[PDB]
Protein chains: 2
Amino acid sequence: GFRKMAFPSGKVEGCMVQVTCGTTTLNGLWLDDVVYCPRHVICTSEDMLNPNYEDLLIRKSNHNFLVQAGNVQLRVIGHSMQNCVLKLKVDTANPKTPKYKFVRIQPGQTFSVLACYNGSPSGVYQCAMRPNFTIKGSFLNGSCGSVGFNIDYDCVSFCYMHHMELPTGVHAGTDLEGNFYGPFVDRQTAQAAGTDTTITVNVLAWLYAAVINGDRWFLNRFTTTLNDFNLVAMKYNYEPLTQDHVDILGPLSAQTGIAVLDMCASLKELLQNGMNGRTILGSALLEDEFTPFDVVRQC
Amino acid sequence: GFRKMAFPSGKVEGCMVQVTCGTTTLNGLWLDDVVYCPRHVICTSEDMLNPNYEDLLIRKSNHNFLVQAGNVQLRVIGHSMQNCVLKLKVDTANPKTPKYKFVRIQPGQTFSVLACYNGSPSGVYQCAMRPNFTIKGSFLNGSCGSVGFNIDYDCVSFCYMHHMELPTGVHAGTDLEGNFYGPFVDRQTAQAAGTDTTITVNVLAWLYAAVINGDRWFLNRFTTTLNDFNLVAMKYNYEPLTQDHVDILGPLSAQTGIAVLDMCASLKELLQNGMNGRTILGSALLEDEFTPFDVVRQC
Ligand SMILES: *[C@@](O)(c1nc2ccccc2s1)[C@H](C[C@@H]1CCNC1=O)NC(=O)[C@@H]1[C@@H]2[C@H](CN1C(=O)[C@@H](NS(C)(=O)=O)C(C)C)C2(C)C
Ligand SMILES: *[C@@](O)(c1nc2ccccc2s1)[C@H](C[C@@H]1CCNC1=O)NC(=O)[C@@H]1[C@@H]2[C@H](CN1C(=O)[C@@H](NS(C)(=O)=O)C(C)C)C2(C)C
């Protein structure tokens, strides 16, 4: 079968603490003896319109930070400020720190999000970094600080840290070095994201997964060139397919015996004529949240 | 926002072992000093057409069972056979055994599945127990023994253990006492499941979640009685709505200010006239995989 899956969240639960700065309470990541968290923990619900995080960080001393690993208080001994995130050095090192790394995913790359509230893991779901650098996730108040991650067998790659919910209903945050994903800033303002395109490669890899799972009615006897299809897709707000993406689709093209350009033709007529009531993999829409690697992983 | 989420799989990863009986290798659940697993581990790929599990279990001694918790071999000291599952008592008790219970979910109830292969957790996704006692999950060879679970803060409720992939593409298994969910038997035969209905209450709770999230175009100025709507839905292969389900929808009806019967009217015209191209919560289909409790949990 073919489901939307997330990496096992186990290893990340062991790094989930509750950070507080006065009234404000948001989640933090405890890796080794450092606790990474959004810098807007030093803010009040009235110091959000436009806060100078440099002057706000002046008055805040180590004792203004309450890190609580479950029911056990860690001691903030030092505090740094990398980009939009705080970095509170603590006395104890995490005995549960797994083999980890800090990465920056690209538009189209998917990762699991362990949504936490008050330091407690609430649940896990999978999202892609939309080409407009936003995520269509599930966050409420107090979710800030929840992280996005992928796993390389032993190694947990961290790629996201939640910050805000944009006007259009979608979410935005940073990588683990504090740099925002996109043109966003950490302030309460009407800062809407641009127009969203569809990750073409991710839909082709989904149709490849669909063929592998038995749903193959959409398949036509046609072909098209990369120049031909790419120019057709561009009109429908689709991520321009490159020869790189074609190669990434390799193992799927091999498993299925269907050329990448043969698959682009079936998609081309699907864009021109619509799905007309029918369903692919039990979905009445063209799903782009699955990378070629996501599909291979489920085979 | 509104995503399909699974409970944090952490606590379950600590109970995931690799069980082997000759050539055959499938996953097992190590709770306290007992390892629960599907009884068809004692089978060969030629002893599946119709195997007498009583006579097959005769020749198999404790030393024919290789339980490997990661890289550490446990010692099978005793072996029982509750319904379709084996129960191998081991020397060491699991130091990571969480507060757990064994439950039997009902058609309509959803749970997280931690899909394991060779004792290793491969990933987690959420499914409901379809009214025809099958699950639309994601399983390959060696996935048998992967468990389905819900969490009550401290307490992990176990409700499923994978056994097979039915002809129609969907999966079927047992509860943790070995009893199959549905009319299925553990043998390799053409045993297709009946016609599937739609969990009406789960769609109403999804439209309630949709209203809470801003998508509310489907809402009409009409109403209907429980007798009226229920008889209309029955024609479209829908689970007959009971007054119990109406009460369960309570907190959602309260959050939204929309009566349960007002919501059934919008669904009634949606069934009669179709969605005509439009999308609710970014879905071009009526989604029934979310219980009222699933929706409350994300609020
Ligand atoms: C996050 O959990 C935080 N809450 C608080 C509360 C007080 C002080 C600091 C923080 S961080 C929260 C999560 C989002 C709430 C709605 N769903 C979420 O994902 N983040 C916010 O509320 C951020 C936060 C301030 C304002 N805010 C917003 O997202 C606002 N939208 S916006 C992008 O500014 O248009 C708000 C929801 C209208 C900052 C940006 C620091
Ligand atoms: C499960 O992992 C097992 N594999 C083996 C191999 C040897 C011995 C025992 C087992 S249990 C496996 C998982 C399914 C494979 C396809 N995707 C899955 O979810 N289960 C099976 O292969 C079961 C197993 C024997 C036959 N089988 C089937 O599902 C067959 N379909 S059926 C329901 O019999 O129509 C097969 C896929 C055609 C039993 C039932 C013991």
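Residues numbered from 1 in each chain as written, not as in the entry; some residues may be left out. Chains lettered and ligands numbered in written order. Heavy atoms only, no water.

Method of determination, as given in the entry header: X-ray crystallography; reported resolution: 2.498 Å.

Caption draft 1: Highlighting the relation of the copies chain B and chain A. With an RMSD of 0.0 Å, the operation that places chain B on chain A is a rotation of 180° combined with a shift of 0.0 Å along the axis. Such a combination of turn and shift is consistent with a two-fold rotation axis. Closest approach to the rotation axis among the C-alpha atoms of chain B is made by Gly 10 of chain B, whose C-alpha sits 1.8 Å away. Counting the interface residues of chain B, we find that 100% of their copies in chain A are interface residues as well, pointing to one common contact surface. (Least-squares fit on C-alpha atoms. Contact = heavy atoms within 4.5 Å.)

Caption draft 2: Examining the nonpolar core more closely. In this structure, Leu 29 and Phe 158 of chain A together with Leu 29 and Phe 158 of chain B are the most contacted members of the largest nonpolar core, which totals 40 residues. Other than its neighbours up to four places away in sequence, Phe 158 of chain A contacts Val 12, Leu 29, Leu 31, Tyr 100, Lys 101, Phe 102, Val 103, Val 147, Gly 148, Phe 149 and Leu 176 of chain A. (Core = buried A, V, L, I, M, F, W, Y, C linked by side-chain atoms within 4.5 Å. Buried < 20%, exposed > 50% of the residue type's maximum accessible area, 1.4 Å probe, protein only.)

Caption draft 3: Here's a closer look at the site of ligand 2. All names here are of chain B. Near ligand 2 lie 21 residues; those nearest to it are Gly 142, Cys 144, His 162, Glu 165 and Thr 189. Residue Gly 142 places a main-chain N or O atom 3.1 Å away from an oxygen atom belonging to ligand 2. Within the backbone of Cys 144, an N or O atom sits 3.0 Å from an oxygen atom of ligand 2. Relative to its unbound accessible surface of 760 Å², ligand 2 loses 81% to contact with the protein. Mapped by element, the contributors of at least two residues to the shell around ligand 2 are β2 (24-31) and β12 (155-165). (Near = heavy atom within 4 Å. Polar contact = N/O pair within 3.5 Å; in protein donor to acceptor, adjacent residues only side chain to side chain. Areas by Shrake-Rupley, 256 points an atom, 1.4 Å probe, with all protein chains shown as cover. Helix = DSSP H or I, 4+ residues; strand = E, 2+ residues; numbered from the N terminus.)

Caption draft 4: Molecular detail of unusual backbone geometry. At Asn 237 of chain A, a position not held by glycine, the phi torsion is positive, near 55°. As for its placement among the helices and strands, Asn 237 of chain A is situated in the loop between α4 (226-235) and α5 (243-248). A relative accessible area of 43% means that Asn 237 of chain A is categorised as partly exposed. The phi dihedral of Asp 32 of chain B falls on the positive side, at around 65°, and the residue is not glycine. Its location among the elements puts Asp 32 of chain B in the loop between β2 and β3 (34-38).

Caption draft 5: Structural view of the packing of aromatic side chains. Counted by the stated rule, this structure contains 18 aromatic pairs over all chains. A centroid spacing of 5.9 Å and a plane angle of 80° characterise the contact between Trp 217 of chain A and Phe 218 of chain A, whose relative ring orientation is edge-to-face. In this structure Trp 217 of chain A comes out as partly exposed when scored by relative accessible area, which is 34%. A relative accessible area of 6% means that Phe 218 of chain A is categorised as buried. Taken together, the ring pairs connect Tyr 36, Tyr 100, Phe 102 and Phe 158 of chain A into an aromatic cluster. In this structure, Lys 4 of chain A is placed above the aromatic ring of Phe 290 of chain A, and the distance from its NZ or CZ to the ring centre is 5.8 Å. Across from the ring centre of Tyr 181 of chain B, 4.2 Å away, lies the NZ or CZ of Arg 104 of chain B, which sits over that ring. (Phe/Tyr/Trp six-rings, centres within 6.5 Å; stacked < 30°, edge-to-face > 60°. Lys NZ or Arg CZ within 6 Å of the ring centre and 35° of its normal.)

Caption draft 6: The arrangement of the site of ligand 1 in detail. Residue and element names in this part refer to chain A. If you check the shell around ligand 1, you find 21 residues, and the closest are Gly 142, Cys 144, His 162, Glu 165 and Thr 189. A distance of 3.1 Å is found between an oxygen atom of ligand 1 and a backbone nitrogen or oxygen belonging to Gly 142. Taking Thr 189, its main chain carries an N or O atom lying 3.0 Å from an oxygen atom of ligand 1. Summarising the interface, the protein chains cover 82% of the accessible area of ligand 1, which totals 760 Å² for the free molecule. Ranked by residue count, the leading element in the shell around ligand 1 is strand β12 (residues 155-165), at four residues.

Caption draft 7: Expanded view of helix α3 (residues 200-212) of chain A. Residue and element names in this part refer to chain A. In this model, α3 (13 residues) spans 19 Å end to end at C-alpha, consistent with the 18 Å of a helix rising 1.5 Å per residue. All of the buried residues along α3 are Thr 200, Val 201, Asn 202, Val 203, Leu 204, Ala 205, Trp 206, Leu 207, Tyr 208, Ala 209, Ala 210 and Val 211. For α3, the secondary structure elements touched by its buried residues are β9 (110-117), α4, α5, α6 (250-256), α7 (260-273) and α8 (292-297). (Expected span 1.5 Å × (residues − 1).)

Caption draft 8: Up close: the interface of chain B and chain A. Across the contact, 36 residues belong to chain B and 36 residues belong to chain A. Across the interface of chain B and chain A, roughly 2,300 Å² is buried in total on both sides, 54% from carbon and sulfur atoms. For the pair chain B and chain A, the number of links is two salt bridges. One salt bridge connects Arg 3 of chain A with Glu 289 of chain B, and the closest N-O pair in it is separated by 2.7 Å. Where chain B meets chain A, there are 13 residue pairs in polar contact. Elements with a minimum of two residues in the side of chain B that touches chain A: α1 (10-13), β9 (110-117) and β10 (120-128) of chain B. It is β10 of chain B that provides the largest number of residues to the side of chain B that touches chain A, a total of seven residues. Its residues placed into classes, the side of chain B that touches chain A shows 16 nonpolar, 13 polar and seven charged. (Buried area = accessible area lost by both parts, 1.4 Å probe. Salt bridge = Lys/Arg side-chain N within 4 Å of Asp/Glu carboxyl O. Nonpolar A, V, L, I, M, F, W, Y, C, P; charged D, E, K, R; others polar.)

Caption draft 9: Spatial organisation of the pattern of salt bridges. In the structure shown here, the tally under the stated rule is 22 salt bridges over all chains. Ionic pairing is found between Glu 289 of chain B and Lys 4 of chain B, a salt bridge with its closest N-O pair at 3.8 Å. Separated by 285 residues along the polypeptide, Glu 289 of chain B in the loop between α7 (260-273) and α8 (292-297) and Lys 4 of chain B in the segment before α1 bring together distant segments of the chain. Since its relative accessible area comes to 5%, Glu 289 of chain B is described here as buried. Overlapping salt bridges, with partners in common, bring together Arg 3 of chain A together with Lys 4, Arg 130, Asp 196, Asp 288 and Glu 289 of chain B in one network.

Caption draft 10: Seen up close, the sheet that holds β3 of chain B. Residues and elements named next belong to chain B. Spatial ordering of the open sheet is given by β5-β4-β1-β2-β3-β7-β6, a layout of seven strands whose pairing is antiparallel. Here the strands that pair on one side only, and so sit at the sheet edges, are β5 (72-74) and β6 (76-82). Neighbouring strand axes in the sheet, compared pairwise and without regard to direction, differ in orientation by 30° on average. For strand β1 (residues 16-21) and strand β4 (residues 66-69), the ladder comprises three bridges, and the chain directions are antiparallel. (Pairing = 2+ DSSP bridges. Axes fitted to C-alpha atoms, helices over the stretch in contact; angles between N-to-C directions.)

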